[PDB]
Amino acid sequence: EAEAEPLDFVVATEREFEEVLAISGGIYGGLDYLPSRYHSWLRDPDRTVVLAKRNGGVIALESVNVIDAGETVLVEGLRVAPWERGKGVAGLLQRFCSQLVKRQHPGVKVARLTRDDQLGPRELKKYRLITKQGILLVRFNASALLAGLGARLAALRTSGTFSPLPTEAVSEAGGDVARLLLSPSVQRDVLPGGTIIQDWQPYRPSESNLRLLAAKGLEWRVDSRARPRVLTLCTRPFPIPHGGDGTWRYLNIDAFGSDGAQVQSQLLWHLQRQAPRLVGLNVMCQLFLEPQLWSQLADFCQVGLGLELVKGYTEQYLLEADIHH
């Protein structure tokens, strides 16, 4: 039997927040960002958050955000209520959003997205793979980490097993971020596929996108400003549904470059910066890094720092497709 009422595609408002939460159970294994980000998304000037409604009720959501100086649309948040799946809803919503972008933003030439699902024949036919990073996910209680880290690092140093390597400060206000990310050699030799990936969001390295990044409260670290080889990027932690008790936060660190020892020392630096602000909370810390470094960093986190590995090796894929008419 066909549905009594038609689908209606509308721009999201704050009125639908609770309905959106109610269709989002279990998404991203409890690491879903949308509960914490929905209000922000509605304020973003180049973003359209589209809801599919049936008979006045929200059954699906998709975000399209225009970045890269008008040339790219990033697709995020695609989801259909569990009780409405398998009927083509996501396909219809994707088509509505793509037509909306083509109508309102004629300058958009490509769509981009990131995901960690295994790429099958269907993905490889439709998308280009721009780059990929390995994904390392660990968990810790912030207070417990802070209480033991001094002793841990002391024992690691006395044993000659590990001593933090020097790292260098990176100030956005001071211009260090722009001097790094606008360098053609940093783009070629450090950034994965010449792209900034920040908490799953890809940006071409341009001044326009640096303004967007500057507003997010990111923290950066580098091995050397004068001779950059490893650059790390920490996104401010945010609440996630995992655990159901409100105590969990997601701490995303993107690591760019090939020197595993510098990724280790910069990871430690970010943990020491961020954990004091999370006293009383629990942390899902997800590190993205060059694939050949994953085993080294997994051992550093598990054996060196005593952190619990949540899952085995997976990959973050940056995918791109051309816009067609």
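One-based numbering along the sequence shown. Rigid core: the largest C-alpha set superposing within 1.5 Å between the two forms.
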| query | finding |
| --- | --- |
| Higher-deviation stretch (C-alpha RMS, rigid core fit) in 4 other deposited structures of this protein, choosing from 315-323 and 4-12 | 4-12 |
| Between 81-89 and 95-103, the one whose CA atoms sit farther away in 4 other deposited structures of this protein (rigid core aligned) | 81-89 |
| Mean temperature factor over C-alpha atoms, higher-scoring stretch between 96-104 and 199-207 | 96-104 |
| Entry-level comparison of average CA B-factors, 74-82 and 160-168, reporting the higher stretch | 160-168 |
| Out of 120, 237, 134, 194, residue topping the C-alpha B-factor column of the entry | 120 |
| Highest-ranked of 249, 188, 221, 227 once sorted by CA temperature factor in the record | 227 |
| Residue 143 CA temperature factor, ranked by third within the chain | highest |
| Chain-relative CA temperature factor third for residue 316 | lowest |
| Among modelled residues of the same chain, the CA temperature factor third for residue 245 | highest |
| Ranked against its chain, the third holding the CA B-factor of residue 279 | highest |
| Third of chain Cα B-factors occupied by residue 233 | lowest |
